[PDB]
Number of protein chains: 4
Amino acid sequence: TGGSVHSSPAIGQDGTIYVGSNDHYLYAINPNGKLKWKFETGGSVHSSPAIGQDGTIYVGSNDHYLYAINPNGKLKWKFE
Amino acid sequence: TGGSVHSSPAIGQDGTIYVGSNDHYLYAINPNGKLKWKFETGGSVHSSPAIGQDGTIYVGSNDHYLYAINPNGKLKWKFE
Amino acid sequence: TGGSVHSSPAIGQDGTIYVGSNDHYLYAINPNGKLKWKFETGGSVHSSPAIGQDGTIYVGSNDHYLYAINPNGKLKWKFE
Amino acid sequence: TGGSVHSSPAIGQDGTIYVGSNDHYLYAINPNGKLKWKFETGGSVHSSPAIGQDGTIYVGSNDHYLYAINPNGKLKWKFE
């Protein structure tokens with residue numbers, strides 16, 4: 001992606017690949033290698049995403065927020 | 001949460017989201033983004049929690065303890 | 001345990017809790033908090049263990065070996 | 001393996017053990033401890049691999065690529 005260090009990828013139920021990056025983005029990648037979307041946080045995403053049973057993607061950022069992102073890439077909430 | 005670095009979140013069977021933090025807390029977050037509880041350890045919680053089959057949350061802290069926390073947020077035991 | 005930093009714990013199928021430690025040991029802990037056994041590697045165990053379908057515990061150490069440990073705590077093999 | 005630090009291992013559905021290494025390789029190890037194959041990236045592989053439902057192995061490298069590797073050890077794609 002963009003981050004020298006990547007976090008560890010998570011695999012969604014539909015096979016989307018999620019990885020966080022040093023460049024502040026959480027990347028969602030289709031199984032063919034094409035970017036599905038990328039979500040901007042305010043800091044480096046070193047931690048590995050977790051995926052809930054409805055498909056929500058949870059990941060921490062160094063901007064101090066735990067993010068909850070909908071599978072379509074839109075913010076659901078952030079926890080402070 | 002509070003930690004610049006978050007650990008990687010774990011997802012409980014009822015959907016609670018658990019993440020450790022630099023601020024010494026393990027956070028339990030409801031799926032709507034509201035704090036369910038937070039558990040105080042004596043040091044920074046860099047490691048990612050694991051969840052047992054009865055729902056117990058295990059996480060290490062830099063106070064040198066492996067903690068076992070009940071789903072209600074109460075200490076079950078700590079290992080030294 | 002002994003390590004200031006713990007790795008992230010893994011949970012075996014029988015509920016044993018495995019965590020690696022800065023003190024060079026991989027710890028196996030019973031669900032009641034009592035040490036089941038500890039396995040000595042030649043260096044700090046920062047990575048998180050993985051558990052195979054027969055229950056073998058795989059974990060890397062900074063002595064440069066990937067260890068495969070039987071559930072009874074005895075070495076199965078190490079990879080160099 | 002070769003890396004002082006190993007990433008955390010992943011276990012494939014057929015029981016192959018995958019671990020990334022400081023030496024730039026992702027190692028695939030048979031359950032008997034014998035090297036199945038190793039895949040060369042352009043940098044240190046600190047993150048832990050994830051395994052898709054068809055068995056593809058995804059892992060990030062410090063050469064800035066998220067790699068997708070077929071179970072036979074051949075590159076499927078890399079994401080930039």
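Note that these values count all heavy atoms, side chains included, but never hydrogens, waters or copies made by symmetry. Below, chain A is the first sequence line, B the second, and so on; all start at residue 1.
Here the CG atom belonging to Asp23(A) is positioned 10.5 Å from the NE2 atom belonging to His64(D), to the nearest 0.5 angstrom. The OG1 atom of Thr41(C) sits 8.5 Å away from atom NZ of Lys78(C), with the distance rounded to the nearest 0.5 Å. In this structure, OG1 in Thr1(D) is found 8.5 Å from NZ in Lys38(D), a value given to the nearest 0.5 Å.
Of all heavy-atom pairs spanning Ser61(B) and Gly43(B), the tightest one is OG-O, 3.0 Å. Nearest heavy-atom pair, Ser47(B) versus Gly60(B), reported as atom, atom and distance to 0.1 Å: OG-N, 3.3 Å.
Under the 4.5 Å side-chain criterion, counting only non-hydrogen atoms from C-beta, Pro9(B) is not in contact with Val59(A). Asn70(A) is not listed as a side-chain neighbour of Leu75(A), based on a closest heavy-atom distance of 4.5 Å or more. A heavy-atom distance below 4.5 Å is not found between the side chains of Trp77(D) and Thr56(D). Side-chain contact between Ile29(A) and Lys36(A) is absent, with no heavy atoms from C-beta onward closer than 4.5 Å.
Listed by chain and residue number, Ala10(C), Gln13(C), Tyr18(C) satisfy the side-chain contact (heavy atoms from CB on, under 4.5 Å) test with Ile51(C) (two or more places apart in sequence, or in another chain). With sequence neighbours excluded, the residues that form a side-chain contact (heavy atoms from CB on, under 4.5 Å) with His46(B) are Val5(B), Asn22(B), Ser44(B), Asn62(B). Partners of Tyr67(C) by ring pair (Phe, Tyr, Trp, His ring centres under 6.0 Å), not counting sequence neighbours, listed by chain and number: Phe39(C), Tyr65(C).
At least one donor-acceptor pair under 3.5 Å links the side chain of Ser48(B) to the backbone N or O of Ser8(B).
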